[PDB]
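Enquirer: To be precise about what I am sending: the file is called my_file_9.txt and holds compact mmCIF, C-alpha atoms.
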# COMPACT_ATOMS: atom_id res chain seq x y z
CA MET A 1 -33.54 -4.48 112.10
CA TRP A 2 -32.32 -6.83 114.84
CA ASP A 3 -29.82 -9.59 115.65
CA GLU A 4 -29.20 -12.43 118.09
CA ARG A 5 -26.12 -14.42 119.11
CA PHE A 6 -25.75 -17.52 121.28
CA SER A 7 -23.80 -20.75 121.77
CA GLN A 8 -23.63 -23.97 123.79
CA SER A 9 -21.22 -26.75 124.78
CA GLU A 10 -20.88 -29.91 126.87
CA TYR A 11 -18.41 -32.55 128.05
CA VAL A 12 -19.01 -36.16 129.07
CA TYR A 13 -16.23 -38.13 130.75
CA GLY A 14 -15.67 -40.05 133.97
CA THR A 15 -14.15 -43.09 135.64
CA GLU A 16 -15.17 -45.83 138.08
CA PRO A 17 -13.57 -47.17 141.29
CA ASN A 18 -11.93 -50.60 141.29
CA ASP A 19 -10.07 -53.13 143.43
CA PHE A 20 -7.81 -56.19 143.24
CA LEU A 21 -9.34 -59.57 142.40
CA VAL A 22 -6.65 -61.82 143.85
CA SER A 23 -4.04 -59.91 145.82
CA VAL A 24 -2.58 -57.37 143.39
CA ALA A 25 -4.88 -57.86 140.41
CA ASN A 26 -5.47 -54.12 140.66
CA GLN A 27 -2.42 -54.22 138.39
CA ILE A 28 -4.76 -55.54 135.70
CA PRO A 29 -5.18 -53.02 132.86
CA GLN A 30 -8.47 -51.16 132.42
CA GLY A 31 -8.23 -52.17 128.77
CA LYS A 32 -9.58 -55.17 126.88
CA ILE A 33 -9.88 -58.33 128.99
CA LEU A 34 -10.49 -61.88 127.76
CA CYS A 35 -12.16 -64.21 130.26
CA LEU A 36 -12.19 -67.94 129.51
CA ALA A 37 -14.41 -70.73 130.80
CA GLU A 38 -16.20 -68.42 133.22
CA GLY A 39 -19.43 -70.40 133.37
CA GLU A 40 -21.66 -67.56 134.52
CA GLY A 41 -19.38 -64.60 133.89
CA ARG A 42 -20.17 -62.87 137.17
CA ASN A 43 -16.66 -61.44 137.49
CA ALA A 44 -16.74 -60.64 133.78
CA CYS A 45 -19.68 -58.29 134.34
CA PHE A 46 -17.95 -57.05 137.48
CA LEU A 47 -14.94 -56.04 135.39
CA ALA A 48 -17.26 -54.37 132.89
CA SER A 49 -18.73 -52.31 135.72
CA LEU A 50 -15.18 -51.08 136.33
CA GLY A 51 -15.26 -49.59 132.85
CA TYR A 52 -13.30 -52.49 131.39
CA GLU A 53 -13.97 -53.87 127.92
CA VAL A 54 -14.70 -57.52 128.62
CA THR A 55 -14.84 -60.41 126.16
CA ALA A 56 -16.13 -63.70 127.57
CA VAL A 57 -15.51 -67.06 125.90
CA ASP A 58 -17.14 -70.32 126.96
CA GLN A 59 -18.37 -73.68 125.67
CA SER A 60 -21.76 -73.08 127.28
CA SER A 61 -24.03 -70.79 125.25
CA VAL A 62 -26.44 -70.62 128.19
CA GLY A 63 -23.58 -69.73 130.49
CA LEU A 64 -22.72 -66.91 128.11
CA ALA A 65 -26.41 -66.02 128.12
CA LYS A 66 -26.13 -65.77 131.90
CA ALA A 67 -23.16 -63.45 131.42
CA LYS A 68 -25.26 -61.37 129.04
CA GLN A 69 -28.16 -61.32 131.50
CA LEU A 70 -25.82 -60.32 134.33
CA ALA A 71 -24.32 -57.57 132.17
CA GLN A 72 -27.73 -56.11 131.33
CA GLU A 73 -28.71 -56.18 135.00
CA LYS A 74 -25.49 -54.35 135.86
CA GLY A 75 -26.05 -51.87 133.05
CA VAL A 76 -22.81 -52.75 131.28
CA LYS A 77 -21.76 -54.01 127.85
CA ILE A 78 -20.29 -57.49 127.39
CA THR A 79 -19.10 -59.61 124.47
CA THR A 80 -19.77 -63.34 124.28
CA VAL A 81 -18.25 -66.04 122.09
CA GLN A 82 -19.30 -69.69 122.11
CA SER A 83 -16.30 -71.93 121.44
CA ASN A 84 -14.27 -74.76 122.98
CA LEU A 85 -11.03 -73.32 124.36
CA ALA A 86 -9.14 -76.14 122.65
CA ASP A 87 -10.45 -75.06 119.25
CA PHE A 88 -10.82 -71.38 120.11
CA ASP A 89 -8.63 -69.13 117.97
CA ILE A 90 -6.86 -66.30 119.80
CA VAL A 91 -5.58 -63.70 117.35
CA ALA A 92 -2.27 -61.92 117.93
CA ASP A 93 -3.67 -58.55 116.86
CA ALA A 94 -6.50 -59.21 119.31
CA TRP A 95 -4.83 -57.76 122.40
CA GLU A 96 -6.88 -59.04 125.33
CA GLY A 97 -5.62 -60.06 128.76
CA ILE A 98 -6.22 -63.60 129.97
CA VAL A 99 -8.36 -64.25 133.05
CA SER A 100 -9.49 -67.65 134.31
CA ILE A 101 -12.08 -67.75 137.09
CA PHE A 102 -12.89 -71.16 138.58
CA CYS A 103 -12.07 -72.88 135.29
CA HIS A 104 -11.93 -76.63 135.86
CA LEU A 105 -9.92 -78.00 132.94
CA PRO A 106 -7.16 -80.52 132.12
CA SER A 107 -3.55 -79.34 132.16
CA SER A 108 -3.31 -80.58 128.57
CA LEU A 109 -5.62 -77.73 127.59
CA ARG A 110 -3.35 -75.19 129.27
CA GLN A 111 -0.49 -76.54 127.16
CA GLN A 112 -2.67 -75.79 124.13
CA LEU A 113 -3.79 -72.42 125.49
CA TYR A 114 -0.26 -71.36 126.37
CA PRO A 115 0.81 -70.61 122.78
CA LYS A 116 -2.58 -69.06 122.04
CA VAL A 117 -2.61 -66.61 124.95
CA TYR A 118 1.08 -65.74 124.65
CA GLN A 119 0.81 -64.78 120.98
CA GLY A 120 -2.60 -63.27 121.65
CA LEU A 121 -1.58 -60.88 124.41
CA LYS A 122 1.05 -58.19 123.81
CA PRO A 123 4.47 -58.49 125.49
CA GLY A 124 4.38 -57.32 129.09
CA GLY A 125 0.87 -58.71 129.41
CA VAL A 126 -0.52 -60.46 132.48
CA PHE A 127 -2.23 -63.81 133.00
CA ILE A 128 -4.68 -64.35 135.86
CA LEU A 129 -5.81 -67.61 137.45
CA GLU A 130 -8.14 -67.70 140.46
CA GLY A 131 -10.40 -70.36 141.94
CA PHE A 132 -10.63 -73.95 143.14
CA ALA A 133 -8.16 -76.53 141.84
CA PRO A 134 -8.93 -79.71 139.85
CA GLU A 135 -7.56 -81.47 142.93
CA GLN A 136 -11.06 -80.83 144.26
CA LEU A 137 -11.87 -84.00 142.33
CA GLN A 138 -10.43 -85.90 145.29
CA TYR A 139 -13.65 -84.95 147.07
CA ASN A 140 -16.00 -87.13 145.07
CA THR A 141 -14.40 -89.00 142.19
CA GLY A 142 -10.67 -89.04 142.85
CA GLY A 143 -10.14 -87.64 139.37
CA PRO A 144 -11.27 -87.58 135.72
CA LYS A 145 -9.32 -90.76 135.32
CA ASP A 146 -6.82 -90.02 138.09
CA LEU A 147 -5.91 -87.26 140.54
CA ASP A 148 -2.38 -87.87 139.26
CA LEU A 149 -3.38 -86.19 136.00
CA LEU A 150 -4.31 -83.02 137.88
CA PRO A 151 -1.93 -80.03 137.78
CA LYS A 152 -0.59 -78.29 140.87
CA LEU A 153 0.00 -74.54 140.66
CA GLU A 154 3.74 -75.15 140.91
CA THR A 155 3.45 -77.20 137.72
CA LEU A 156 1.38 -74.52 136.00
CA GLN A 157 3.64 -71.62 136.97
CA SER A 158 6.73 -73.57 135.92
CA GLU A 159 5.20 -74.68 132.62
CA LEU A 160 4.32 -71.08 131.75
CA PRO A 161 7.43 -69.22 130.53
CA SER A 162 5.90 -66.19 128.89
CA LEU A 163 5.78 -64.09 132.05
CA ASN A 164 7.22 -63.84 135.56
CA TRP A 165 4.96 -64.55 138.53
CA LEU A 166 4.33 -61.92 141.20
CA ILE A 167 1.98 -63.95 143.40
CA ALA A 168 1.16 -67.62 143.91
CA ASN A 169 -0.68 -69.27 146.80
CA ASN A 170 -2.32 -72.61 147.52
CA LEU A 171 -5.31 -72.09 149.79
CA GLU A 172 -7.18 -74.55 152.01
CA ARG A 173 -10.97 -74.32 152.14
CA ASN A 174 -14.09 -76.49 152.28
CA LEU A 175 -15.39 -77.33 148.81
CA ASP A 176 -18.27 -75.10 147.71
CA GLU A 177 -21.42 -76.65 146.26
CA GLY A 178 -20.48 -80.06 147.63
CA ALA A 179 -22.47 -82.80 149.34
CA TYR A 180 -23.94 -82.65 152.84
CA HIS A 181 -20.80 -84.38 154.10
CA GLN A 182 -17.88 -82.03 154.72
CA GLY A 183 -14.83 -82.07 152.47
CA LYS A 184 -11.71 -79.91 152.20
CA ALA A 185 -10.41 -78.61 148.87
CA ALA A 186 -7.35 -76.86 147.45
CA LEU A 187 -7.60 -73.49 145.70
CA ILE A 188 -5.05 -71.96 143.33
CA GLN A 189 -4.41 -68.23 142.96
CA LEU A 190 -1.52 -66.73 141.00
CA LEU A 191 -0.91 -63.63 138.89
CA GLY A 192 1.71 -62.85 136.26
CA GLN A 193 3.83 -59.71 136.01
CA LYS A 194 2.73 -56.78 133.85
CA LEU A 195 5.34 -54.22 132.87
CA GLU A 196 4.16 -51.28 130.77
CA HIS A 197 4.46 -52.25 127.11
Could you show the structure in this file as structure tokens?

Expert:
Amino acid sequence: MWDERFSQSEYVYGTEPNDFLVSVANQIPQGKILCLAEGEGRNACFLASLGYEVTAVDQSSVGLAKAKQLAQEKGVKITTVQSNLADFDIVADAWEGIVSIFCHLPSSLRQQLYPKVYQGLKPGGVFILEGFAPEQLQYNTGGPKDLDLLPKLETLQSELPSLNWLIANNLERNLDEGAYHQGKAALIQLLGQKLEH
């Protein structure tokens, strides 16, 4: 005649440190983030390392593959979708913030994206744009057909009604990945206002 009693338990939970991307992008939610035209998705994996759920969309499958490779190397999970942003369908129920890193694209696409991202992201959401400007075309080519077709940030921020802007700066810097010969370039950084939904 004998008896024995015992039990066990455990708890797994923690968070990761973070920081602003632009100036105040630390106001970006830790939730689901949609990153468009990222090319390599380096910042996408960076966001994932912050504990963020990151979806990356690009026209380049190999660029998305680079994002996947980066994610694996960083030990984080990432989602990739191959699609042209012009044809890409953003679903309203699909609540994901909008981040553009160094996305060289025609303003006409933004006009098409505007309705997509507005309906896609819940009210009070935030839109992020950071990187060189198309005006960088003045370095080499003078434009896709013309520099005149290229949007300034003042145009972009004025053409985007869905949110109010907290920050917007035009920065002067030498063009990265250019020719041997020097060459200045304009960079655009601006961030929309997020109020708790």

Enquirer: Which polymer residues have any atom within 6 Å of an atom of residue 54 of chain A, counting only C-alpha atoms, with same-chain residues fewer than 3 positions away left out, as a list in words?

Expert: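 The neighbour list is residues 32, 33, 48 and 78 of chain A.
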
Enquirer: At a cut-off of 6 Å from (3.4, -60.6, 135.3) in the coordinates of the file, what residues are picked up using all atoms listed in the file, written as an mmCIF file with C-alpha atoms, in the frame of the given file?

Expert:
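Listed below is the output, part-v4.cif:
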data_model
loop_
_atom_site.group_PDB
_atom_site.id
_atom_site.type_symbol
_atom_site.label_atom_id
_atom_site.label_comp_id
_atom_site.auth_asym_id
_atom_site.auth_seq_id
_atom_site.Cartn_x
_atom_site.Cartn_y
_atom_site.Cartn_z
ATOM 1 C CA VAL A 126 -0.520 -60.460 132.480
ATOM 2 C CA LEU A 163 5.780 -64.090 132.050
ATOM 3 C CA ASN A 164 7.220 -63.840 135.560
ATOM 4 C CA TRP A 165 4.960 -64.550 138.530
ATOM 5 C CA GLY A 192 1.710 -62.850 136.260
ATOM 6 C CA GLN A 193 3.830 -59.710 136.010
ATOM 7 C CA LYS A 194 2.730 -56.780 133.850
#

Enquirer: Work out where the centre of an axis-aligned box around every listed atom of segment 13-29 of chain A lies and how long its edges are once 8 Å is added on each side; give both in Å to one decimal as JSON.

Expert:
{"center_x": -9.3, "center_y": -50.0, "center_z": 138.3, "size_x": 29.8, "size_y": 39.7, "size_z": 31.1}

Enquirer: Quick one: residues within 12 Å of (-25.9, -52.8, 133.0) (file frame), counting only C-alpha atoms, please, as a PyMOL selection string.

Expert: chain A and resi 45-51+67-78

Enquirer: To one decimal place in Å, what is the distance between atom CA of residue 97 of chain A and atom CA of residue 13 of chain A?

Expert: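 Those two atoms sit 24.4 Å apart.
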
Enquirer: Between A:122, A:195, A:81, A:101, which residue has the minimum interatomic distance to residue 65 of chain A, considering all atoms listed in the file?

Expert: A:81

Enquirer: Determine, for each residue of segment 1-89 of chain A having at least one atom at most 12 Å from an atom of segment 172-190 of chain A, the closest pair of atoms and their separation in Å to one decimal, counting all atoms listed in the file; order by chain and ascending number, as JSON lines.

Expert:
{"residue": "A:21", "atom": "CA", "partner": "A:189", "partner_atom": "CA", "distance": 10.0}
{"residue": "A:22", "atom": "CA", "partner": "A:189", "partner_atom": "CA", "distance": 6.8}
{"residue": "A:23", "atom": "CA", "partner": "A:190", "partner_atom": "CA", "distance": 8.7}
{"residue": "A:24", "atom": "CA", "partner": "A:190", "partner_atom": "CA", "distance": 9.7}
{"residue": "A:25", "atom": "CA", "partner": "A:190", "partner_atom": "CA", "distance": 9.5}

Enquirer: Generate a file of the selected residues that holds C-alpha atoms, formatted as a PDB file, in the frame of the given file.

Expert:
ATOM      1  CA  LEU A  21      -9.340 -59.570 142.400  1.00  0.00           C
ATOM      2  CA  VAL A  22      -6.650 -61.820 143.850  1.00  0.00           C
ATOM      3  CA  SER A  23      -4.040 -59.910 145.820  1.00  0.00           C
ATOM      4  CA  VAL A  24      -2.580 -57.370 143.390  1.00  0.00           C
ATOM      5  CA  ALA A  25      -4.880 -57.860 140.410  1.00  0.00           C
TER       6      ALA A  25
END

Enquirer: Using only C-alpha atoms, which of A:167, A:36, A:103, A:1 sits nearest residue 82 of chain A?

Expert: A:36

Enquirer: Work out how far apart atom CA of residue 109 of chain A and atom CA of residue 41 of chain A are and give it in Å to one decimal.

Expert: 20.0 Å

Enquirer: Can you measure atom CA of residue 110 of chain A to atom CA of residue 130 of chain A for me? One decimal in Å is fine.

Expert: 14.3 Å

Enquirer: Using all atoms listed in the file, which residue out of A:7, A:106, A:39, A:61 lies closest to residue 143 of chain A?

Expert: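 So, comparing all the options, the nearest one is A:106.
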
Enquirer: May I have the residues within 10 Å of residue 93 of chain A as a short mmCIF file (atom, residue, chain, number, x, y, z; two decimals) with C-alpha atoms, keeping the file's coordinate frame, using all atoms listed in the file and disregarding those fewer than 5 positions away in the same chain?

Expert:
data_model
loop_
_atom_site.label_atom_id
_atom_site.label_comp_id
_atom_site.auth_asym_id
_atom_site.auth_seq_id
_atom_site.Cartn_x
_atom_site.Cartn_y
_atom_site.Cartn_z
CA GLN A 119 0.81 -64.78 120.98
CA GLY A 120 -2.60 -63.27 121.65
CA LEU A 121 -1.58 -60.88 124.41
CA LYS A 122 1.05 -58.19 123.81
#

Enquirer: So which one's closest to residue 89 of chain A, A:145, A:57, A:44, A:3? Using all atoms listed in the file, please.

Expert: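 The shortest atom-to-atom distance to residue 89 of chain A comes from A:57.
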
Enquirer: Residues near residue 37 of chain A, anyone? I mean within 10 Å using all atoms listed in the file, not counting same-chain ones fewer than 4 positions away, as a list in words.

Expert: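 Contacts, with the query itself left out: residues 41, 56, 57, 58, 59, 60, 63, 64, 83, 84, 85, 99, 100, 101, 102, 103, 104 and 105 of chain A.
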